[PDB]
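Here we start with a single chain on its own, the form deposited in one PDB entry, put down as structure tokens.
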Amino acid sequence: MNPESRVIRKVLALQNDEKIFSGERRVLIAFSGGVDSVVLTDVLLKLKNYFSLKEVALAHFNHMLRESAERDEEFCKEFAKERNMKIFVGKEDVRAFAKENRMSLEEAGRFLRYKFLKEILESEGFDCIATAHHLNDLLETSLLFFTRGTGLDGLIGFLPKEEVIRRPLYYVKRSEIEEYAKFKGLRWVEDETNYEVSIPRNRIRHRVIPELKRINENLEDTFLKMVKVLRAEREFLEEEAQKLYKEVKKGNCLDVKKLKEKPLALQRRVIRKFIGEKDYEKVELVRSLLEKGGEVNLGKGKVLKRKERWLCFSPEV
């Protein structure tokens, strides 16, 4: 099996399993100019009719942080022309939105790259946005949430398809993306967060994963099976969660007595939703009010009390 089919087989597999494209007609690619983006594009133009797409276009965002960005942008317009594709370029100063909004260069650009994409989508009439997220991004992300503290959501990471976003390379490993770009002799722009190990994701990618791989070289593959199991168990619990939530709220309060003899796993999913907080301690606080009567203060004036069959928000302040 060659590098081409090794990627295309996984993309088709993903399509089967998740129905990545099932009616969408116009696709907008979150094109960065990077290998994964280039390979993402090469694969979609090769499957354009297979997916019954009417049009595939690029959308590049110039964060204006580095100097190369000016050059990265040139590559993208060129690439688009070599492909005879439509492309929308966007220029914004993260740094000047991440300063006048208290933001890390990163987070601020994320918001902006997306705003522009949502923009390009709803305005130009595209049905969805395709991203180049791949299996290693999911490994790093998942491991980050594990590090930062989390539950199933973080362990699952992002999904192959969520609302308006589609991630065709979800099953593909970075090395497979790399091998395919070389095999087909594609050109792209290098990785210049190439080792700014000061950022967690990058520390995980360059210093953690390589160690874990010294334990299990097929970590990514082994990692994928675990996510499939968890996604399902999560889906189920979240499903049961709504069952109980509604089985439980009255308007603006929660029925302690009914929720008191329900499974802990579920009580916690319910509280989490009632209060709009995922923090473990805040959850336990509110949970304690199920047996004990009284008050608990969470944060933005989120104060909850027990009437006595009920557990509500205090209206004060």
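Just so we're on the same page, rigid core means the largest C-alpha set that superposes within 1.5 Å between forms. In this text, residue numbers run from 1 along the sequence as written.
This protein has a second form, the form deposited in another entry, left out of what is shown; the following refers to that one.
- No residue of 44, 38, 289, 58 other than 289 has its CA displaced by 2 Å or more between this form and the one not shown when the core is superposed.
- With the core held fixed, residue 270 shows a CA shift of 2 Å or greater between this form and the one not shown.
- When the rigid core is held fixed, the Cα atom of residue 27 travels less than 2 angstroms between this form and the one not shown.
- Once both forms are fitted on their core, a CA shift of 2 Å or more is seen for residue 197 between this form and the one not shown.
- Compared with the form shown here, the Cα atoms of residue 191 and residue 117 sit 3 Å or more closer together in the other form.
- In the other form, the Cα positions of residue 215 and residue 191 lie at least 3 Å farther from each other than in the form displayed.
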